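Colleague: From first to last, the protein sequence lines stand for chains CQ, CC, CF, CE and Ce. For the first sequence, the authors' numbering gives the first residue as 1, with consecutive numbering after it. For the second sequence, the authors' numbering gives the first residue as 356, with consecutive numbering after it. For the third sequence, the authors' numbering gives the first residue as 50, with consecutive numbering after it. For the fourth sequence, the authors' numbering gives the first residue as 1, with consecutive numbering after it. For the fifth sequence, the authors' numbering gives the first residue as 1, with consecutive numbering after it. Submitted below is the structure of interest, expressed as structure tokens.
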Amino acid sequence: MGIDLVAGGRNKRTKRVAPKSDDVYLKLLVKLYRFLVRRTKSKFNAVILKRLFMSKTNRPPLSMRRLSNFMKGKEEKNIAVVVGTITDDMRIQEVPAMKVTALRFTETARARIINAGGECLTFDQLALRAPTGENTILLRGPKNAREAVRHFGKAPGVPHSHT
Amino acid sequence: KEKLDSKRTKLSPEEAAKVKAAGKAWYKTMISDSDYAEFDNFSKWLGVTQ
Amino acid sequence: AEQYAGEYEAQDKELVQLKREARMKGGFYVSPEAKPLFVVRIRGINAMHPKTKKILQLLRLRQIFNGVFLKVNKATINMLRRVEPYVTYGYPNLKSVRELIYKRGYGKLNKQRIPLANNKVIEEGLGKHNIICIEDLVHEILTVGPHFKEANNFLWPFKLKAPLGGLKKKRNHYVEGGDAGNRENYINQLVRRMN
Amino acid sequence: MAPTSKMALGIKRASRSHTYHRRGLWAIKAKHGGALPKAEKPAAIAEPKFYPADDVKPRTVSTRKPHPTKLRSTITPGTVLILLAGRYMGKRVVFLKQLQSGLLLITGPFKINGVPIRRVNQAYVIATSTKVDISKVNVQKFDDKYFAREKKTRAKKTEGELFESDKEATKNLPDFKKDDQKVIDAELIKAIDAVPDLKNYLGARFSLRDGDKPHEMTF
Amino acid sequence: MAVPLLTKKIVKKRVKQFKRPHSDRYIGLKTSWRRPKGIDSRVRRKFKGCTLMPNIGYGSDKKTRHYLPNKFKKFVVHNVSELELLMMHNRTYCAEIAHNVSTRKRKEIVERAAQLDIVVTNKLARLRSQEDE
RNA sequence: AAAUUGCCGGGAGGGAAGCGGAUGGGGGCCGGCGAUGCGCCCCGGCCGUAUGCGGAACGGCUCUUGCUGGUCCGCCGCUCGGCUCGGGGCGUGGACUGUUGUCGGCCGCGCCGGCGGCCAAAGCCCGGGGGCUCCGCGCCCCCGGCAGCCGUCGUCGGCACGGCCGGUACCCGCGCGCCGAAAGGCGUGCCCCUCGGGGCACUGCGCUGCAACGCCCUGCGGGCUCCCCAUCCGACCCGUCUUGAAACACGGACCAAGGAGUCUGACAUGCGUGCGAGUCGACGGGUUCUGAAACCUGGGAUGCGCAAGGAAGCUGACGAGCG
RNA sequence: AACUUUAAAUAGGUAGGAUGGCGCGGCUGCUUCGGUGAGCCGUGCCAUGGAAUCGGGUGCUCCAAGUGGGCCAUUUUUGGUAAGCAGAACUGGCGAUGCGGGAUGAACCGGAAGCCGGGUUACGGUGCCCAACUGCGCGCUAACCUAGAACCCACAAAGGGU
RNA sequence: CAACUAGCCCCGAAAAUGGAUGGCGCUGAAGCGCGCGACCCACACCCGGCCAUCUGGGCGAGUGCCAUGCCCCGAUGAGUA
């Protein structure tokens with residue numbers, strides 16, 4: 001018909017619960033979020049749903065360093081929602097406690113975080129006790145950083161004049 | 356609507372009123388040829404000069 | 050509307066009688082216009098330059114016999130005279146718009162389009178300018194007063210029928226006995242074939 | 001537009017009256033309405049479905065309305081009709097009454113012209129300018145319930161019995177109808193002979209010649 | 001609901017029948033539809049009369065998909081165990097005896113099927129297998 | 001098995017033009033078509049609950065322990081009653097499929113009527129003046145009183161019919177006291193009209209298809225194939241090349257069976273899986289149900305810091321803001 | 001055209017604000033002979049509010065296929081007598097396009113195409129082919145040396161006729 | 001009476017397989033120019049039904065289970081490489 005009309009038909013489609021979701025535990029967890037979100041007022045739990053949909057190859061590991069650094073008395077020991085996993089490459093003995101909830105924890109993290117304080121909470125519990133999703137920060141995690149933006153291949157991706 | 360309906364209640368008995376208004380107006384002008392008639396005449400006289 | 054004509058009936062008296070037997074006119078008094086426009090797309094998107102094509106999209110006209118109302122502006126009619134053989138336009142009277150909005154009306158985006166049927170014109174539609182209901186909306190938009198360019202803020206296309214008794218030829222403008230371009234009297238005639 | 005106007009610019013003026021009449025009793029079906037009726041012990045599956053009750057009531061009334069007015073163009077009892085469809089089509093007949101079914105009782109007198117009592121549809125008919133006077137004719141006996149054509153249940157008898165094949169599926173002449181028809185026909189003949197040459201005219205038949213126009217012909 | 005949808009499917013038919021082009025004059029070229037890959041085909045260009053192409057829009061109503069014309073959903077029934085599943089449905093599903101099953105085993109399927117009251121096509125298939133026209 | 005060939009049958013016809021098909025109808029050929037439905041009562045047939053008894057799988061739970069709730073079968077006691085197959089007896093009428101009536105929605109269809117715009121005026125009778133004609137009739141023009149009716153613009157109003165789709169399966173529609181075959185009407189207050197009538201206010205539940213004919217078996221609607229007649233894009237049939245293939249481009253008599261993006265090593269991205277500052281068993285050794293599987297070693301490889309050509313580098317830990 | 005004082009139109013660029021302005025007060029190796037100024041930091045104030053219109057959403061990143069011979073028409077235009085020619089400029093098509101129209105035609109005209117019923121049109125028609133007025137109205141035409149009859153398009157002129 | 005203006009018709013206007021307003025034929029046209037109505041008419045347009053795709057919803061509290069399910073939306077869909 002139109003080219004204008006075709007413009008509406010060629011729209012977006014990011015959209016996907018991931019091409020293959022092998023993990024049954026991931027798959028049931030997103031169903032739990034799916035049920036609660038439409039039965040609650042929570043913008044925050046809706047954001048969680050997207051980050052656990054499309055990819056796992058995008059979910060960022062977050063070290064104990066920097067997790068500690070943004071809860072520095074300007075967040076009074078809330079709940080840290082970590083999309084990917086906690087990793088343990090630091091020793092400071094961090095914050096004297098903190099309740100950290102995540103999708104996955106490393107085995108080292110399970111021991112380390114709880115023996116610094118608080119409790120390693122599961123995302124099942126996050127959904128249970130906060131479908132409301134309040135007093136909460138999705139703490140952080142980067143992959144956009146120095147290594148592996150477009151910095152790929154063999155010899156990266158450059159200052160930029162020619163490549 | 357509601358708004359349309361309230362205007363349509365007004366319109367329906369005033370269909371009769373339009374016919375009555377037209378016929379009565381014609382009768383009224385000729386009853387006298389004093390002041391009343393002359394006022395009607397003036398507008399027509401002026402408008403048919405030019 | 051009637052009393053405007055009635056005012057000039059009372060005041061003027063130099064216009065009518067003698068002037069048929071002569072040329073020129075004299076003085077007396079003048080009736081103003083103040084009319085929004087309605088624009089329906091006569092001619093398709095095939096074989097036309099792309100600046101004009103952008104204008105059709107901009108004023109939304111996305112298929113033939115699409116309709117969107119436009120405002121009173123110098124700018125709006127400058128824009129339409131780059132589009133003129135591809136559209137026909139003019140003001141349709143107050144009454145004709147009322148009996149056309151009902152037929153081919155739909156809701157506005159902010160959702161999809163849930164139409165102007167019983168329940169869903171009363172309980173849906175926003176409006177902070179005025180009451181968003183069908184009869185109210187037509188009254189506000191065509192009087193072109195305060196924030197009634199946001200009593201425009203349409204559905205987004207009126208999907209007009211193809212005209213009964215057909216078009217006048219597509220290949221000419223209004224003057225040469227074609228359809229296309231400006232004409233206030235005969236646009237309402239056309240839209241009352243496109244019921 | 002004109003008939004519907006009262007209801008349209010009222011909304012439910014007729015139906016308002018009924019509630020207020022009920023309320024004239026005192027205090028009633030507001031209280032009774034919550035308590036009223038059955039439910040809770042199902043059959044089969046969910047029971048998601050349908051009818052009896054409520055639904056039947058407006059539908060029966062609405063189906064009654066076409067029988068005069070809409071179909072009718074205008075036609076008073078004792079108008080002469082042309083049957084353009086039906087079996088007896090091409091016969092001119094006299095109109096006895098309009099049934100509850102909406103089908104018309106007619107009868108041409110049996111001896112002169114073959115038309116029996118019969119039910120015919122209003123929709124078929126052309127209303128002619130002639131009227132035959134049906135002042136003192138007892139059309140009363142013939143009613144809607146009178147015209148039940150027996151089905152092929154079993155034998156015509158009482159029921160429950162082993163039966164034989166000699167039923168009439170699409171037809172049935174009751175003996176009683178034949179006796180009754182003679183009586184009603186007798187009164188009609190008196191009216192028919194009063195105007196000359198009408199009696200022969202009914203049996204002859206009307207049809208449109210080549211070159212005749214049905215539009216121009218209109219009785 | 002279900003009944004007018006059945007009427008729409010059966011009466012209308014898009015039994016267009018998608019025949020491959022030039023199937024008629026080359027015997028080896030198959031009746032089975034395959035999409036004309038080349039530009040040069042008239043069928044590809046969508047000329048009418050050259051046999052219209054299969055598209056989704058030709059497709060029937062969702063409810064009336066994979067139904068027998070009786071409005072029953074057809075199920076090929078291999079053995080006695082599978083009849084128990086069909087029993088839940090009754091009216092909605094049909095039993096049709098499989099090709100593999102031999103004549104003696106067909107009989108036990110029929111008698112059980114009768115109890116479920118899903119007599120249609122099950123009995124018919126068995127009767128032929130006995131000896132019958 | 002395909003191809004081909006033979007026989008024979010059917011269609012068709014020896015007055016007629018062929019892309020071999022589609023589209024429509026008829027023949028020819030053949031499969032299909034609730035077991036025949038429901039309410040009620042009478043007889044015949046069979047069983048028995050409640051409650052007591054006697055043996056048990058259960059429940060909520062508690063969870064030592066406790067209290068409330070079980071149902072069922074065995075089959076006796078004590079009082080009553082019910083159901084099912086068939087027949088009898090009565091009422092309602094259900095079986096594919098085709099047809100007709102109707103209500104609602106959508107759309108067309110022809111016709112009739114009103115008001116206003118366009119100072120309203122053509123118009124006609126009455127009255128007055130002028131011009132032209134200057135042979136006069138006549139012609140024209142204008143102005144004041146007037147039945148009158150007009151072309152065009154806008155709007156509203158009313159009818160008469162039909163197509164198609166659907167029967168409205170949750171707020172579309174509507175009933176629930178009464179009369180009236182029927183349709184239909186029947187409260188009351190208010191206000192306008194103050195006439196005829198009108199508009200306007202005032203309860204909650206339940207719920208979405210009505211009339212009719214044929215026959216289901218006798219018998220037959222039908223589906224499907226070929227043919228004939230009707231109708232049609234028919235760029236020659238497809239593929240390829242090409243801007244363009246029907247091409248006076250190229251290949252292909254026909255058919256069967258073979259027959260062409262594979263597998264690997266090393267790589268990038270994406271996606272999945274594990275584990276994660278680590279990670280990767282399997283060169284190897286242990287062991288064995290034996291080419292396996294299981295177990296395990298130090299690692300080595302890759303990463304966890306870099307940057308230089310190289311030597312090398314205070315030696316890369318003080319630690320960051322803003323939108 | 002390779003001249004221009006002059007000098008269009010259609011094209012083309014920029015701006016029309018919160019990614020902004022203003023107040024407060026900090027620093028400098030700059031800049032000022034001078035805290036003079038400049039830039040950049042903390043803190044405060046001002047919303048629909050900065051023409052019109054639209055956004056059946058938009059913004060952003062990674063990665064890979066095909067393409068790498070184009071062809072045509074209207075318009076503009078250079079070479080050439082010209083060409084269905086060779087070569088540019090703009091745009092739409094074909095290529096990647098049937099269907100309807102032009103008898104017929106890849107590109108012209110109309111319009112981009114799910115599957116159907118019913119309505120209604122476009123282009124183009126209404127004597128018959130061929131669906132549809134041998135309809136109404138007002139002219140012109142009598143063609144023995146080619147009567148005339150639909151863009152592109154199937155050609156056609158100077159010049160002559162009492 | 002003369003010189004002009006511009007309509008149609010005539011001349012100028014001659015090619016080869018016989019031939020093409022497409023054909024027949026058409027002269028108060030069925031021609032040519034033009035007006036006015038009515039009418040005809042594409043997979044276009046509308047309305048309805050329906051398919052998938054896309055978009056937005058909705059419904060799992062278990063103990064009928066496809067919950068990658070089911071159900072309500074509306075818009076869109078030619079298609080070579």
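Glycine included, every Cβ here is placed at the ideal spot set by N, Cα and C.
What is the DSSP secondary structure of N115 (chain CF), counted as helix, strand or coil?
Modeller: DSSP places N115 (chain CF) in strand when its eight states are reduced to three.
Colleague: Pull out every residue of the segment 379-396 of chain CC whose Cβ sits closer than 9 Å to any Cβ of chain CE, in chain order.
Modeller: Against chain CE - using a Cβ distance shorter than 9 Å - the segment 379-396 of chain CC contributes no residues.
Colleague: Tell me the DSSP secondary structure of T31 (chain Ce) in three-state form.
Modeller: coil
Colleague: Measure from the C-beta of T404 (chain CC) to each C-beta in chain CE and report whether the shortest distance is under 8 Å.
Modeller: no
Colleague: Nearest CA to the CA of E75 (chain CQ): which residue from CQ:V158, CQ:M1, CQ:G84, CQ:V95?
Modeller: CQ:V95
Colleague: Measuring straight from C-alpha to C-alpha, what distance separates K379 (chain CC) and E58 (chain CF)?
Modeller: 21 Å
Colleague: Can you grab the Cα-Cα spacing for the pair residue 239 (chain CE) / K152 (chain CE), in whole Å?
Modeller: Look at the range of chain CE in this structure, 1 to 219, and you will see that residue 239 (chain CE) is not part of it.
Colleague: Select from the segment 85-119 of chain CF all residues with a C-beta closer than 7 Å to any C-beta belonging to chain CQ, and list them in chain order.
Modeller: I94, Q106, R111, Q112
Colleague: Give a yes or no on whether the C-beta atoms belonging to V76 (chain Ce) and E96 (chain Ce) are separated by under 8 Å.
Modeller: Going by C-beta atoms, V76 (chain Ce) is nearer than 8 Å to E96 (chain Ce).
Colleague: Tell me the DSSP bridge mates of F207 (chain CF)?
Modeller: CF:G116
Colleague: Assess contact between the segment 109-129 of chain CF and the segment 19-37 of chain CQ, defined as three or more Cβ pairs (one per stretch) separated by less than 8 Å. Is contact present?
Modeller: no
Colleague: Distance, Cα to Cα, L83 (chain CE) vs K145 (chain CE)?
Modeller: 23 Å
Colleague: Where are the beta strand (DSSP E) runs, 3 residues long or more, that stay fully inside the segment 46-127 of chain CQ, in chain order?
Modeller: Under the rule that a run must span 3 or more residues, the beta strand (DSSP E) segments found entirely inside the segment 46-127 of chain CQ read 61-63, 79-82, 85-87, 99-102, 119-122.
Colleague: Let's test the definition: count the other Cβ atoms within 10 Å of the Cβ of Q52 (chain CF) and tell me whether it reaches 16, buried, or not, exposed.
Modeller: exposed
Colleague: Between the segment 212-232 of chain CF and the segment 63-73 of chain CF, are three or more C-beta pairs nearer than 8 Å?
Modeller: When C-beta atoms of the segment 212-232 of chain CF are compared with those of the segment 63-73 of chain CF, fewer than three pairs fall below 8 Å, so the two segments do not count as touching.
Colleague: Look up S387 (chain CC) in the DSSP assignment and give the residues it is bridged to.
Modeller: DSSP lists CC:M385 as the beta-bridge partner residues of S387 (chain CC).
Colleague: Can you check DSSP and say which residues form a bridge with residue 31 (chain CF)?
Modeller: Nothing can be reported for residue 31 (chain CF), as the shown portion of chain CF is limited to 50 through 244.
Colleague: For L198 (chain CE), I'd like the list of residues in its chain whose CB is within less than 6 Å of its CB, leaving aside the five on either flank, ordered along the chain.
Modeller: These residues qualify, in order along the chain: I192.
Colleague: Could you tell me how far apart the beta carbons of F77 (chain CF) and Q60 (chain CF) are, in whole angstroms, since I believe they sit closer than 8 Å?
Modeller: With a Cβ gap of about 7 Å, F77 (chain CF) and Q60 (chain CF) count as contacting.
Colleague: Would you call the segment 57-75 of chain CQ in contact with the segment 147-156 of chain CQ, where contact means no fewer than 3 C-beta pairs closer than 8 Å?
Modeller: no
Colleague: With a threshold of 16 other CB atoms inside 10 Å of the CB of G49 (chain Ce), please say whether the residue is buried or exposed.
Modeller: exposed
Colleague: Give me the DSSP bridge partner(s) of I97 (chain Ce).
Modeller: Ce:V77
Colleague: For chain CF, is any of its Cβ atoms less than 8 Å away from the one on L401 (chain CC)?
Modeller: Under the Cβ distance rule, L401 (chain CC) counts among the residues neighbouring chain CF, one pair being separated by less than 8 Å.
Colleague: Tell me which residue opens and which closes the alpha helix (DSSP H) that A155 (chain CQ) is part of.
Modeller: Per DSSP, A155 (chain CQ) belongs to no alpha helix (DSSP H) and is neither H nor E.
Colleague: Beta-carbon of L129 (chain CF) versus every beta-carbon of chain CC: anything under 8 Å?
Modeller: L129 (chain CF) does not count as touching chain CC.
Colleague: Which residues in chain CC have a C-beta closer than 9 Å to the C-beta of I183 (chain CF)? List them in chain order.
Modeller: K356, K358, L359
Colleague: Give a yes or no on whether 8 Å exceeds the smallest Cβ distance from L9 (chain CE) to chain CC.
Modeller: yes
Colleague: For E133 (chain Ce), count neighbouring Cβ atoms within 10 angstroms of its own Cβ and tell me buried if that reaches 16, exposed if not.
Modeller: In the assembly as shown, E133 (chain Ce) is an exposed residue. Its beta-carbon has fewer than 16 other beta-carbons within 10 Å.
Colleague: Please classify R126 (chain Ce): does DSSP put it in a helix, a strand, or coil?
Modeller: helix
Colleague: Give the residues of chain CE in contact with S367 (chain CC), contact being defined as C-beta atoms less than 8 Å apart.
Modeller: For a Cβ distance threshold of 8 Å, residue set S5, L9 of chain CE lies close to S367 (chain CC), ordered along the chain.
Colleague: Using 8 Å as the limit for Cβ to Cβ distance, is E63 (chain CF) near chain CC?
Modeller: yes
Colleague: Cβ of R16 (chain CQ) within 8 Å of Cβ of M54 (chain CQ)?
Modeller: yes
Colleague: Is it true that the CB of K84 (chain CF) sits closer than 8 Å to the CB of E189 (chain CF)?
Modeller: At least 8 Å separates the beta-carbon of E189 (chain CF) from that of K84 (chain CF).
Colleague: Cβ atoms of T92 (chain Ce) and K62 (chain Ce): under 8 Å apart, would you say?
Modeller: no
Colleague: Near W381 (chain CC), what residues of its chain come up, given a Cβ to Cβ distance below 6 Å and the 5 sequence neighbours on each side ignored?
Modeller: none
Colleague: Can you tell me where the alpha helix (DSSP H) with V88 (chain CF) in it begins and where it stops?
Modeller: That residue, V88 (chain CF), is in no alpha helix (DSSP H); its beta strand (DSSP E) goes 86-89.
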